[PDB]
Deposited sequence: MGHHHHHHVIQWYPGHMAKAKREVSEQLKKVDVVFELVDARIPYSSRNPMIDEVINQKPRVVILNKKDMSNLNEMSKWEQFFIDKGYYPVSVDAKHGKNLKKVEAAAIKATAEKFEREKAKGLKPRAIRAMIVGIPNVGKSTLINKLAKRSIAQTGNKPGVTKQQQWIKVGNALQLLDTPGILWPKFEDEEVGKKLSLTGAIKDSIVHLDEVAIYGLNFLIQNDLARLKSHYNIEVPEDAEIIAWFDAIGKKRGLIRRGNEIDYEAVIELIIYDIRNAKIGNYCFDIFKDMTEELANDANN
């Protein structure tokens, strides 16, 4: 868990920019469930045109077709997007491959100038909980000061044939300013922190599922709900079917909310991408010119 406050943010920006000076390529790690909303709002100013591999992690918990629309988006920005499952170790060899492609022009011009070939230096950057330390551990094939009061120095990890990876990720803050992004981040568990009401997060999640995977929602909770019912009827049908009740047969809404949030966060109902590309056209247009 990370506590953001202005000074911590300024320190994070400073330190990540500094680390970025030591590398050839940056791996921006995002959640495949929200490839756009799980980005740091200042990521392009921090990265500052450094060759970029965008890694869509937790692909196992998302929708591939939707992810492909985001990959196309990143491609159009001049980045090299790849999707992985860092936890279950699926598709990792493509990280090095992507790095080689992203830095190919730099190293071609070095070879033209008569410089010796050399290992690619990379670092991973992203918001909390997108899977940075998981990915680093997996790429090192080992868990990455162990005496109290002894300070860890940053080190390079040999990865594959061509890649040196900084063993310490740059950690940046999530988008804060927008309430729908707040809900998306809470639904993926990127922020398990207050000042976004859980009941509203649960409502958002349920509505997402009603619109995009209604049969699955119903079969998962084994419920059937009138299509003209308001969202409260969904909380009630779930609560009643699961016996989440209190004070006779009133619905324990806190418990229903927690169950819905848990099931969406842990992909118990399905594998969804909550950044719907075609619904985010205006947001993308606003963010773009910068």
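Missing from the model relative to the deposited sequence are positions 1-8, 153-155 (no C-alpha coordinates, numbering from 1).
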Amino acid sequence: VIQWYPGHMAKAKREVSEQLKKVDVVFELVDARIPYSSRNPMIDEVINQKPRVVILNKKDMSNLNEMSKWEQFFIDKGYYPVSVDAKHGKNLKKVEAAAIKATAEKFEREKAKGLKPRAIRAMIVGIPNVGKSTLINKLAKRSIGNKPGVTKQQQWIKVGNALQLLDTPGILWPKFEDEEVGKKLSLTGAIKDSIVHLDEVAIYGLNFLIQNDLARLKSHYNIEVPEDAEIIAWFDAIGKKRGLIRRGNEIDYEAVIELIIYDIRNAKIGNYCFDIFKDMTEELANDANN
From here on, numbers count along this sequence of modelled residues.
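In the record comparison, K90 is unmodelled in at least a third of the other entries of this protein that model the residues flanking it.
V150 is built in all of the other entries compared, counting only those with both neighbours built, so it is not a gap in a third. The PDB entry reports B-factors from which the mean C-alpha value can be compared for 272-280 and 12-20; the larger average falls on 12-20.
The mean Cα B-factor in the deposited entry runs higher for 135-143 than for the other of 135-143 and 80-88. Take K58, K50, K69, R242 and read off each C-alpha B-factor from the entry; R242 has the highest. Highest CA B-factor among the listed residues (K218, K175, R121, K111): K111. Placement of the Cα temperature factor of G248 within the chain: highest third of the modelled residues, per the deposited record. For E180, the recorded CA B-factor ranks within the middle third of the chain. Only modelled residues enter the ranking. The deposited CA B-factor of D213 belongs to the lowest third of values across its chain.
Per the PDB record, residue ranking by Cα B-factor puts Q155 in the highest third of the chain. Per the deposited record, the Cα B-factor of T103 falls in the middle third when ranked against the other modelled residues of its chain.
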